[PDB]
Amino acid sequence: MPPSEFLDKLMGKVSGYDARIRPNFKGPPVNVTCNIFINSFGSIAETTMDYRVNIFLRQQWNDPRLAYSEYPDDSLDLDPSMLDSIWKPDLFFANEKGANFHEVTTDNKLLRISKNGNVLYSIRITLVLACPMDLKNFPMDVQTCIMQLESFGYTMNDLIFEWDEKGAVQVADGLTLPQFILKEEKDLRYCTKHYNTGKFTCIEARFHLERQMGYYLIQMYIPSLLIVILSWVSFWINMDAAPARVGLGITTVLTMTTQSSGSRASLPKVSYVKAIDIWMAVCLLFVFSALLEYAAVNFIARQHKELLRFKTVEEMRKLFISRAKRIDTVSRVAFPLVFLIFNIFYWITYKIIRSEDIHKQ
């Protein structure tokens, strides 16, 4: 039997197929079992709130008309061009942008018709999937990225989408994310879309994403610590040298302000407080408190010099000078100890909150 005649015969104008009609019309719904292979993952953007993926979508459904018995070979892979009339099931992604096809050299498609009528349809597509991301704890957090595959134009009674029994989501070996870690466990759950038109089958997969803390520690946490240490250095400088201590406190407060403003620039304009805001707030409060401490010392010395040059004035001079010296001596010890207590408290609470988020999943 010539191959050309057989392939033509399946699509044969003489034969009745009428691609527009679904298989087993006025009957039980067509069941489509689909599994995606994730070729590339990346380009996650917090500001735009979307991530880009490249996937091989594979759809398996049974068509009775396409059954053939003339050829013993059951595999019978076919040319992708003659995919015009194999009743491609309509599918679309509920949350998407873009979703272009790949036309390079030849269309990236794979049509394979089994002997019993099972059809394997494989298409390569890049998806700009948009997923909302909670930025409550910006430094360390776990983001769930969800892709929904939903039918358009065929109701649930008409068409049903089911996740593949084995290997529904497959990740390419060696695929890595620079800013994130992809969890191996995957959530395969189906939610049925309800509209005024009717109920349409939909299935969705959830990808847990864990943000690596290596960059943020170096970029943000270590510099702020340096600025706070510089403000601590200001205590050892002489109280008499007012421009040096004042300028040092001012410069550290200004540096903390510009660093805090600059860090959060590459982020969406969310209205809720973040972990990074708490850290920046406390560190900026520390440097501001150091400047206030010098202002208090200078004012006490001013009162000393006021009583000095216009009665127990000598006693008052010793008291006020001892008072200022005492504030400096207590301050140099007290400031790092309090900062250490805050640092361990903040890290412990955020680590257990991260553990709680991992507990919830």
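Superpose the two forms; the largest set of C-alphas matching within 1.5 Å is the rigid core. We number the residues from 1 along the sequence you see.
Of the two stretches examined, 31-39 and 291-299, the one with higher mean CA deviation in 8 other deposited structures of this protein after a rigid core fit is 291-299. After superposition on the rigid core, the larger root-mean-square Cα deviation in 8 other deposited structures of this protein belongs to 262-270, not to the other of 129-137 and 262-270.
Not even a third of the other compared entries skip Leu319; each one keeps it along with the residues on either side. Of the other structures of this protein that model both sides of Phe310, a third or more give it no coordinates.
Counting the deposited residues that fall between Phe310 and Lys311 and carry no coordinates gives a value of 10 or more.
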